[PDB]
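# Descriptive structure summary
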Amino acid sequence: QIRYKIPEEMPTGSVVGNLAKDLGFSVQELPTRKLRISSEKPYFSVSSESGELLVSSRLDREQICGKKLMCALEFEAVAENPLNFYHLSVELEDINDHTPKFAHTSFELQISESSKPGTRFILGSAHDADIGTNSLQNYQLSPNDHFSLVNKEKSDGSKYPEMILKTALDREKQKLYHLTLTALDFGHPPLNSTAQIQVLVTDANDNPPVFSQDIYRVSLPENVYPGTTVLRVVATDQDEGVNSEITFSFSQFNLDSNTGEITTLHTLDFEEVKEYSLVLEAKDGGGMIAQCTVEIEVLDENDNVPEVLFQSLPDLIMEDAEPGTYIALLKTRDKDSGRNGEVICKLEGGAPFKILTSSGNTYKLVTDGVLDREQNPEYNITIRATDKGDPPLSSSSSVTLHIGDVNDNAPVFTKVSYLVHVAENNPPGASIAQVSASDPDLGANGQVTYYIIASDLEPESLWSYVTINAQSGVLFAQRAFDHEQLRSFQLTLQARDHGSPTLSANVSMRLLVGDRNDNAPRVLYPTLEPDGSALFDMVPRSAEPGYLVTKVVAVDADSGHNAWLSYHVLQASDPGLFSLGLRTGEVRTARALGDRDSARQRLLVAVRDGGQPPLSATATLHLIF
Amino acid sequence: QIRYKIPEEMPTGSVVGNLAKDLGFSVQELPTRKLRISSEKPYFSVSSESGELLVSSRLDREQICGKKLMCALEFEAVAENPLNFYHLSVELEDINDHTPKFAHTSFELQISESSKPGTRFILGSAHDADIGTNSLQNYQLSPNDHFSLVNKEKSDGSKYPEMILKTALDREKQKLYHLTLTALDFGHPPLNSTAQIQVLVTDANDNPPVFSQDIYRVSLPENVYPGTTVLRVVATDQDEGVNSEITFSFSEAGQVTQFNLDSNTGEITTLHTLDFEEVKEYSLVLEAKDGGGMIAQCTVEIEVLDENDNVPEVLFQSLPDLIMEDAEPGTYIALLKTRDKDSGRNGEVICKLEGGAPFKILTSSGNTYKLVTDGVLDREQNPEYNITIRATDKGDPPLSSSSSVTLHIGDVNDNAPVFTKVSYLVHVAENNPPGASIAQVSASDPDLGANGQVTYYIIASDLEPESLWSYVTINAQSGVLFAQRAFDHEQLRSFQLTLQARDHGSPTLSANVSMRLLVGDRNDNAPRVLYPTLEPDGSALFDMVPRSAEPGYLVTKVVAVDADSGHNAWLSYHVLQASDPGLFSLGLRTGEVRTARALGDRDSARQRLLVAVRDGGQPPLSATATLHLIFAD
Ligand SMILES: *[C@@H]1O[C@H](CO[C@@H]2O[C@@H](C)[C@@H](O)[C@@H](O)[C@@H]2O)[C@@H](O[C@@H]2O[C@H](CO)[C@@H](O[C@@H]3O[C@H](CO[C@H]4O[C@H](CO)[C@@H](O)[C@H](O)[C@@H]4O)[C@@H](O)[C@H](O[C@H]4O[C@H](CO)[C@@H](O)[C@H](O)[C@@H]4O)[C@@H]3O)[C@H](O)[C@H]2NC(C)=O)[C@H](O)[C@H]1NC(C)=O
Ligand SMILES: *[C@@H]1O[C@H](CO[C@@H]2O[C@@H](C)[C@@H](O)[C@@H](O)[C@@H]2O)[C@@H](O[C@@H]2O[C@H](CO)[C@@H](O)[C@H](O)[C@H]2NC(C)=O)[C@H](O)[C@H]1NC(C)=O
Ligand SMILES: *[C@@H]1O[C@H](CO)[C@@H](O[C@@H]2O[C@H](CO)[C@@H](O)[C@H](O)[C@H]2NC(C)=O)[C@H](O)[C@H]1NC(C)=O
Ligand SMILES: *[C@@H]1O[C@H](CO)[C@@H](O)[C@H](O)[C@H]1NC(C)=O
Ligand SMILES: *[C@@H]1O[C@H](CO)[C@@H](O)[C@H](O)[C@H]1NC(C)=O
Ligand SMILES: *[C@@H]1O[C@H](CO)[C@@H](O)[C@H](O)[C@H]1NC(C)=O
Ligand SMILES: *[C@H]1O[C@H](CO)[C@@H](O)[C@H](O)[C@@H]1O
Ligand SMILES: *[C@H]1O[C@H](CO)[C@@H](O)[C@H](O)[C@@H]1O
Ligand SMILES: *[C@H]1O[C@H](CO)[C@@H](O)[C@H](O)[C@@H]1O
Ligand SMILES: *[C@H]1O[C@H](CO)[C@@H](O)[C@H](O)[C@@H]1O
Ligand SMILES: [Ca+2]
Ligand SMILES: [Ca+2]
Ligand SMILES: [Ca+2]
Ligand SMILES: [Ca+2]
Ligand SMILES: [Ca+2]
Ligand SMILES: [Ca+2]
Ligand SMILES: [Ca+2]
Ligand SMILES: [Ca+2]
Ligand SMILES: [Ca+2]
Ligand SMILES: [Ca+2]
Ligand SMILES: [Ca+2]
Ligand SMILES: [Ca+2]
Ligand SMILES: [Ca+2]
Ligand SMILES: [Ca+2]
Ligand SMILES: [Ca+2]
Ligand SMILES: [Ca+2]
Ligand SMILES: [Ca+2]
Ligand SMILES: [Ca+2]
Ligand SMILES: [Ca+2]
Ligand SMILES: [Ca+2]
Ligand SMILES: [Ca+2]
Ligand SMILES: [Ca+2]
Ligand SMILES: [Ca+2]
Ligand SMILES: [Ca+2]
Ligand SMILES: [Ca+2]
Ligand SMILES: [Ca+2]
Ligand SMILES: [Ca+2]
Ligand SMILES: [Ca+2]
Ligand SMILES: [Ca+2]
Ligand SMILES: [Ca+2]
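What counts and how
For every chain, the first residue of the written sequence is numbered 1 and the count continues from 1 onward along that sequence, whatever numbering the entry uses; residues with no coordinates are hidden. Lettering of chains starts at A and numbering of ligands starts at 1, both following the order in which they are written. Hydrogens and waters are ignored; side-chain quantities use all the structure's heavy atoms. Residues with missing side-chain atoms are left out of burial classes, side-chain pairs and their counts. Any residue with a non-hydrogen atom lying within 4 Å of a molecule or strand is treated as near it. Residues adjacent in sequence count toward polar contacts only when both atoms are side-chain atoms; beyond that, a polar contact is any pair of N or O atoms within 3.5 Å, and within protein one must be able to donate a hydrogen and the other to accept it. Residue exposure ignores everything except the shown protein chains as possible cover, and the areas themselves are Shrake-Rupley values with a 1.4 Å probe. Note on residue categories: nonpolar means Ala, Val, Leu, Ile, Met, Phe, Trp, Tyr, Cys or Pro, charged means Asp, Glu, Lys or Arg, and polar means any other residue, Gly included. In plain terms, two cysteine sulfur atoms within 2.5 Å form what is called a disulfide here. Accessible area is worked out with a 1.4 Å probe on protein chains only. A residue is then buried under 20% of its type maximum, exposed over 50%, and partly exposed in between. Side-chain rings of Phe, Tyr and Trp (the six-membered ring for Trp) are treated as a pair once their centres are within 6.5 Å; stacked means planes under 30 degrees apart, edge-to-face means over 60, and tilted covers the remaining angles. Should the NZ of a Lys or the CZ of an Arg lie within 6 Å of a ring centre and within 35 degrees of the ring normal, that charge is described as sitting over the ring. Grouping buried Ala, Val, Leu, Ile, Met, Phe, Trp, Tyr and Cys residues that are joined through side-chain atoms within 4.5 Å yields what is termed a nonpolar core. Here a strand is any run of E in DSSP of at least two residues, a helix any run of H or I of at least four, and the numbering for each starts at the N terminus. Only heavy atoms matter for contacts: two residues are in contact if any of them lie within 4.5 Å across the pair. Metal sites are built from N, O and S donor atoms within 2.8 Å, or 3.2 Å for Na, K and Ca, and they leave out water, so they may look incomplete. In this description, buried area is defined as the sum, over both parts, of the accessible area (probe of 1.4 Å) that is lost when the two are combined. We define a salt bridge as a side-chain nitrogen of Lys or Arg found within 4 Å of a carboxyl oxygen belonging to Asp or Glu. A strand pair is defined by DSSP finding two or more bridges across the two strands. All axes here are fitted lines through C-alpha atoms, helices being fitted over the stretch that makes contact, and every angle between N-to-C directions spans 0 to 180 degrees. UniProt positions are given in the numbering used here, feature names are shortened, and annotations may be inferred rather than shown by experiment.

Per the deposited record, X-ray crystallography is how this structure was determined, to a resolution of 4.52 Å.

Structure, rendered in structure tokens:
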């Protein structure tokens, strides 16, 4: 056989070769035989006039042989007279008419952020229809620092390009990358194909949420109502998507997980917990955690009242207390602190007492002046302690001070001097008077007693005359008094209390003896014989009337009307002859003496007193001329 | 003429019959004469060689005679030499080549549900082109229970089938029926035609809307805000389409408006606030109707419940403005009632007294209470009381009511006036001016009014009861004591009085007090000398005194008295002046004038002395006296 070589896609009417020269047929021997090309598809034709082969239909190697290495089409040539056939095999060369081309103009790839460097990712190979050197040969990527190109070629021609990661990705630096890949064949000339690849770095949870500061500081009062916004902390996560979600947690208050704010749930208190320390943990979906701390310094409010403590209680104190003695001991204490715990105390009232501070929160009560029980025996004193909060809280305490009795008052009698008259011949041991003294003191100091100390009488008979009841003050006569023996007497008495020492008071009392008509009248002159007769026989007969015969003198031991002596005439031998002085007692002659009258004259008189009833003393007078 | 009989639809070139044998023409006489069939349309032909009749054009009886009773086709036959014509009439038989068939493959009928039984409905008759026995003869319908078929032929010859209703229809049982109708001819063989008929029962308004129950029961509080969904009622209509639309309405009831019903949804919700005290129960009648005026009604009973929204009330009916202090224990003071608008435990009211006042509540019957004294009362201690009464119900939460009463206690004369001191002691100086205040007594009476108005009187005295006015008097209103005379200590030293304080009540209460009044002594009386008596000059003579008298000789003794008492009457005797000092001795206490020393001859016989009687009063009062004493021999 014979072989010819032409390129594919050859235009029609092109000379493949003269068969007349290769088969040995003359230019005139040729038209005799009707040259006809025999083939399944009429790709060729023989113009009988020219005597050579010519291209007829379009010669598409990719549609006939395709990937076949050598395309050898065997057709026939028929010539008539004589009937003869010749088989001709033609081989066509591949033309680089099909440039390489990728399946998609653009396709995006999503690569994770935590992709390890050196990982190989497969890429779709472009489809180049030509075979041999005109086939796809070189894949080349844009020069950068993050990705690289690798060709993997086996002998079978199923070679493909893949992308090797050069450095680790980081979506926070550049979220996306756009590169151009070029496929190139080795033909004349070489023609290339471009394809864009866009890599979007998928987020990974490599950055944890971070707080603004390590330590925060907040101060709030202890009286905040439940629900006060204490503090809110905010964290920042460098990721995006779910890996950026931040949740807060604790690891009397309350924290919301999403908003991240901490608010109180119950009332605070300074006396139990002064400051709180809280630890907050922020976590994302992938367990990346970070913790911070917040210190809440609760402020001390003046909500507790200061207290006044009494330590020594003096129920009884002396009235003669010197100024400035330590009476009671007080302290002031407050649970709060600072100006809320500092307490200043004062006393309210006009009582003479002062507060003296010896040291911090230590005070003493002293007397400011001299005291007295009789004027003010009791005091209700009020003491006020106030702190230095704004506004302050105060505390009052009331003490009842009682004043004791000191023996500073002597018993006093109801009257300055006493005077008592007592009738004569009184029964002994009888009540004559009663004295009463008052002592304002209390207890034994107010127990009065009366005694006798001195008297103008003889000190030995002082007991025999009078005595005193020391408890009641009644005076008792120890003998029947005699107005004739003693007329009056002075006494001095003493009132004394039962204290230490005893205070005394002296009183003066005069006792008088009233005269009673207990003595009969006694005749002094003239003297009488046992019969009671006196004889005066020297009376002149020639005496003129009015002659002083004699005079009777009488006395009475009593005094006053009880001694008032009046002289009467009981009986007489001659009435009208004698005249008597009712007051003086002078017996005289009333008329002249007649001789008829008898020589012997008898008279009987009686001396009487003005008492009721009167006592009489009789006497007889014999008078002879 | 001559007649032949053949069937129609005969194929061409078929022998109908030999005309040579019926017309008498020889087989050689025939080609001489030009046998030709003469007709308007060449349905036949004569083959001269055959000498017989032959079919030429198509012989369609339906296009020639059609429905004509007898089909007689009359043509002629012309023969030439000699010219002669023969009339030929042929009669063709109808072929059963057209089977009966209805006009439409499917036709639907819409029949009402309330169609009376026995009604005839028209159906399209099939058209069979053949005539006679080959024509349509039998109409037959599928055997069922609701419809029947009947064939009707009118005088005009227009035969038709019709459907007779067997039973009344019901679209809720079977909404449609599909049957098969067969048309049959009476030929050999019979060929059939099928036609399907679908009857859709048209809806009628025979089913009313029906409720679930005749009577419903709902209970709601009396304090529901306007707009509370009271209840939801639903009705069911067995029809479909517009005849199934259900509308609700209020019908035949009290038109008073407190509820509200939506027509379509049928829910009832309140429109105003409820109340139990005015209307205890409500009755509602609901009407549900469709488009055709078919109605059905139901009833709902709303039993409103009594809520504890009314406060219990404490009614005071009797007011004890004045009550006696000596009220016996357990006396009826005040009359109270308790009332509550609510019911049940919401209307049950319990009343109590809070405080420390001595009063108790005693229940005589339901909601009937009385106030009684628990202890003894006193006006002086507590004259007025403010009592508080609390009434609480048994609802949750309960409602309470407090009421304050001001009771005043009257004064009863049960206290006698009391003096400030048990006994009184007052000293009054002698020679006091008459009508002057000497003392004042005060009595206290705890009673009020006239019972607490004290008055003082004099009742008893140790003095003469008739001159008591001349002695002392009392101001009965103030209690001051007034002396009606200048007192004399010498006449009387003291006197007793018994007085009584009495109020002006009924009866009067008295109290007696004893007072001793003492007259203070003043030194207003001078001492007077009794013995010896003195002449106008104040001289006394005691002569005839012996010169040889021993010392201690009692010259005389002076007696003197003083009307006063005490120091004002204590008489001491002094020596004012003397002609010879030391010659005479006087008793300072006794008053005895004696000789102190012996009488010398140098001394004169007559001795004069001047003494004074003094008292211990302040200042002392003195009485002077002169004594002349003469000696003899
Ligand atoms: C990949 O294919 C690229 C396209 O090339 C064409 O299409 C392929 C399929 C083949 O058919 C090929 O034969 C075709 O040429 C190709 O890119 C080309 O690269 C050349 C050289 O680098 C570029 O030539 C230079 O052009 C610039 C300015 O060009 C302007 O116009 C062109 C239109 O053609 C535009 O595309 C450009 O963007 C510009 O706007 C000139 O300044 C430069 O001058 C220099 O070179 C000349 C030589 O001719 C010297 O005389 C001068 O002194 C200068 O030194 C070039 O002329 C060409 O523009 C560019 N085309 C495109 C479309 O990008 C690339 O080479 C192929 N790669 C491989 C490996 O084959
Ligand atoms: C109360 O009387 C006593 C005794 O009085 C007597 O007369 C006085 C005027 C004076 O001279 C005293 O000496 C007489 O004894 C007085 O007190 C007593 O005095 C004595 C002597 O110094 C002494 O030993 C006693 O202890 C004293 N007794 C008392 C109780 O003090 C006293 O001065 C008179 N006055 C008063 C107010 O008590
Ligand atoms: C208080 O004194 C009055 C007045 O004397 C008394 O009333 C009378 O007392 C006397 C006895 O001395 C009776 O004879 C009378 O009958 C009493 N009068 C009456 C009762 O109206 C009275 O009894 C004394 N006591 C009191 C507590 O009033
Ligand atoms: C002082 O306290 C006492 C204690 O019982 C009281 O009785 C008295 O009345 C008080 N002082 C005054 C002035 O009320
Ligand atoms: C109609 O006629 C055919 C022919 O014999 C028969 O098979 C068929 O059953 C008939 N149908 C009815 C409904 O008569
Ligand atoms: C009673 O109430 C009146 C007026 O409110 C008041 O003046 C009086 O003091 C009260 N009495 C008592 C015992 O509460
Ligand atoms: C004793 O009795 C007399 C009565 O004679 C009172 O005067 C004295 O006070 C004491 O009681
Ligand atoms: C004096 O008076 C007294 C009074 O008793 C008489 O008894 C006596 O006899 C004389 O007459
Ligand atoms: C009248 O005056 C006297 C004083 O002289 C008082 O003692 C009495 O109480 C009344 O007031
Ligand atoms: C008594 O004493 C009084 C004075 O108290 C004198 O005035 C009078 O003359 C007599 O001597
Ligand atoms: Ca090609
Ligand atoms: Ca090619
Ligand atoms: Ca290529
Ligand atoms: Ca990163
Ligand atoms: Ca994260
Ligand atoms: Ca990230
Ligand atoms: Ca606190
Ligand atoms: Ca605090
Ligand atoms: Ca404090
Ligand atoms: Ca004192
Ligand atoms: Ca004292
Ligand atoms: Ca004392
Ligand atoms: Ca005597
Ligand atoms: Ca006498
Ligand atoms: Ca005497
Ligand atoms: Ca026909
Ligand atoms: Ca038929
Ligand atoms: Ca027919
Ligand atoms: Ca029905
Ligand atoms: Ca219906
Ligand atoms: Ca209906
Ligand atoms: Ca209500
Ligand atoms: Ca109620
Ligand atoms: Ca109610
Ligand atoms: Ca009373
Ligand atoms: Ca009373
Ligand atoms: Ca009274
Ligand atoms: Ca007088
Ligand atoms: Ca007097
Ligand atoms: Ca006098």
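Attention shifts here to the site of ligand 3. Residue and element names in this part refer to chain B. The environment of ligand 3 is formed by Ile-459, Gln-500, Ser-510 and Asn-512. Note that an oxygen atom of ligand 3 is positioned 2.3 Å from one of the side-chain N or O atoms of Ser-510. In this structure, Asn-512 approaches ligand 3 through a side-chain N or O atom, which is 2.4 Å from an oxygen atom. Protein contacts shield 22% of the accessible area of ligand 3, which totals 580 Å² for the unbound molecule. Of the residues contributing to the shell around ligand 3, the split by class is one nonpolar, three polar and no charged.

This brings us to the state of the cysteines. Enumeration according to the criterion identifies two disulfides over all chains in this entry. Bridging A:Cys65 to A:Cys71, the disulfide has an S-S length of 2.0 Å. Its S-S torsion of about 90° marks the bond between A:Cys65 and A:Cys71 as right-handed, since a negative value means left-handed. Given the relative accessible area of 24%, A:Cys65 is considered partly exposed. Between the sulfur atoms of B:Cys65 and its disulfide partner B:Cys71 the distance amounts to 2.0 Å. Between B:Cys65 and B:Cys71 the sulfur-sulfur dihedral comes to about 90°; the bridge is accordingly right-handed.

What follows is about the packing of aromatic side chains. Tallied over the full model, the rule gives 18 aromatic pairs over all chains. Seen from their ring centres, A:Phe413 and A:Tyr418 are 6.0 Å apart, and the 75° between their planes marks the pair as edge-to-face. A residue is classified by how much of its surface remains accessible, and A:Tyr418, at 9% relative accessible area, is buried. Among the aromatic residues, those joined into a ring-pair cluster are A:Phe413, A:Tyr418 and A:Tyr450. Over the ring of A:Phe270 we find A:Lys274, and its NZ or CZ is 5.2 Å from the ring centre. Between B:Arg33 and the ring centre of B:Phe25, over which it is positioned, the NZ or CZ distance is 4.8 Å.

Nonpolar side chains in soluble globular proteins tend to be buried together. All names here are of chain B. In this structure, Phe-419, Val-472, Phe-487, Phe-495, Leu-497, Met-515 and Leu-517 are the most contacted members of the largest nonpolar core, which totals 27 residues. Among the elements of the structure, β33 (423-429), β34 (437-440), β36 (454-461), α4 (468-471), β38 (480-483), β39 (494-503) and β40 (510-520) are those that each provide at least two residues to this core. Of the residues forming this core, the biggest block, five residues, is contributed by β40. Contact partners of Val-472, with chain neighbours within four places excluded, come to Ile-458, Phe-482, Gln-484, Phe-487, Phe-495 and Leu-497.

The next thing to look at is the coordination of the calcium ion (ligand 40). Residue and element names in this part refer to chain B. For the calcium ion (ligand 40), the full set of protein donor atoms is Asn-523 (OD1), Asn-525 (O), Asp-562 (OD), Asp-562 (OD), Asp-564 (OD), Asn-568 (O) and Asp-615 (OD), at a range of 2.3 to 3.0 Å. Mapped onto the sequence, the residues coordinating the calcium ion (ligand 40) show the spacing N-x1-N-x36-D-x1-D-x3-N-x46-D. Residue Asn-523 is found in the loop between β40 and β41 (528-531), and its partner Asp-562 is found in the loop between β44 (559-561) and β45 (571-578); the two are separated by 39 residues along the sequence. For the residue pair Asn-523 and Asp-562, the accessibility class agrees, reading buried in each case.

Note on metal geometry: ideal angles are 109.5 degrees for four donors arranged tetrahedrally and 90 or 180 degrees for six donors arranged octahedrally. Residues and elements named next belong to chain A. All of the protein donors around the calcium ion (ligand 21) are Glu-319 (OE), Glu-374 (OE), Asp-405 (OD), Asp-408 (OD) and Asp-441 (OD); their distances to the metal are 2.3 to 3.1 Å. Along the chain, the residues donating to the calcium ion (ligand 21) fall in the pattern E-x54-E-x30-D-x2-D-x32-D. Taken as an interatomic distance, the gap from the calcium ion (ligand 21) to the calcium ion (ligand 20) is 3.8 Å; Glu-319 donates to each of them. Highlighted residues: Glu-374 in the loop between β29 (362-367) and β30 (378-387) and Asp-405 in the loop between β31 (394-404) and β32 (412-413), separated in sequence by 31 residues.

On to the interface of chain B and chain A, then. Taken together, the contact pairs 15 residues of chain B with 16 residues of chain A. Both faces combined, the contact of chain B with chain A buries some 1,400 Å², and carbon together with sulfur accounts for 71% of it. Summed over the shared surface of chain B and chain A, the number is zero salt bridges. Mapped by element, the contributors of at least two residues to the side of chain B that touches chain A are β41, β42 (539-546), β43 (554-557) and β44 of chain B. In terms of residues, the side of chain B that touches chain A owes the most to one element, β44(B), which gives three residues. Grouping the amino acids of the side of chain B that touches chain A by side-chain chemistry returns eight nonpolar, four polar and three charged.

So, on to the sheet that holds strand β40 (residues 504-514) of chain A. Across a sheet, paired strands are connected by hydrogen bonds in the backbone, their directions being either parallel or antiparallel. All names here are of chain A. An order of β33-β40-β39-β36 is seen for the four strands of this open sheet, with the pairing classed as mixed. Strands with a single pairing partner mark the edges of an open sheet, and in this sheet they are β33 (417-423) and β36 (449-455). Along the sheet, successive strands turn relative to each other by an average axial angle of 30°, direction set aside. Pairing of β36 with strand β39 (residues 488-496), which is carried by six bridges, proceeds in the antiparallel orientation. In the strand pairing of β39, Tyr-450 is matched with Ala-495.

Residue and element names in this part refer to chain A. With antiparallel pairing, the four strands of this open sheet are ordered in space as β24-β26-β29-β28. One side of each edge strand has no neighbouring strand; the edge strands of this open sheet are β24 (307-312) and β28 (353-359). Adjacent strand axes in the sheet meet at a mean angle of 30° when their direction is disregarded.

Here we come to the UniProt feature "binding site: Ca(2+) 14" (unreviewed entry) in chain B. Residues and elements named next belong to chain B. Here, the residues flagged by UniProt with the feature "binding site: Ca(2+) 14" (unreviewed entry) are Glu-430, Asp-488, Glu-490 and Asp-524. These annotated residues cover 95 residues of sequence, but their C-alpha atoms sit close together, with the largest distance between any two at 10.0 Å. Within the secondary structure layout, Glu-430 lies in the loop between β33 and β34. For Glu-430, a relative accessible area of 4% translates into the label buried. Sequence-distant contacts of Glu-430, defined by excluding residues within four places in its chain, comprise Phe-487, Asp-488, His-489, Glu-490, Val-519, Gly-520, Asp-521, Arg-522 and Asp-524.

This paragraph deals with the UniProt feature "binding site: Ca(2+) 16" (unreviewed entry) in chain A. Residues and elements named next belong to chain A. Within this structure's numbering, the places UniProt gives as "binding site: Ca(2+) 16" (unreviewed entry) are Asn-517, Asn-519, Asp-556, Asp-558, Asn-562 and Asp-609. Spatially, the listed residues are clustered: although they cover 93 residues, their C-alpha atoms lie within 9.9 Å of one another. Checked against the element boundaries, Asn-519 lands in the loop between β40 and β41 (522-525). Contact partners of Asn-519, with chain neighbours within four places excluded, come to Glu-484, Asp-556, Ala-557, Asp-558, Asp-609 and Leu-615. In this fold, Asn-562 is placed in the loop between β44 (553-555) and β45 (565-572).

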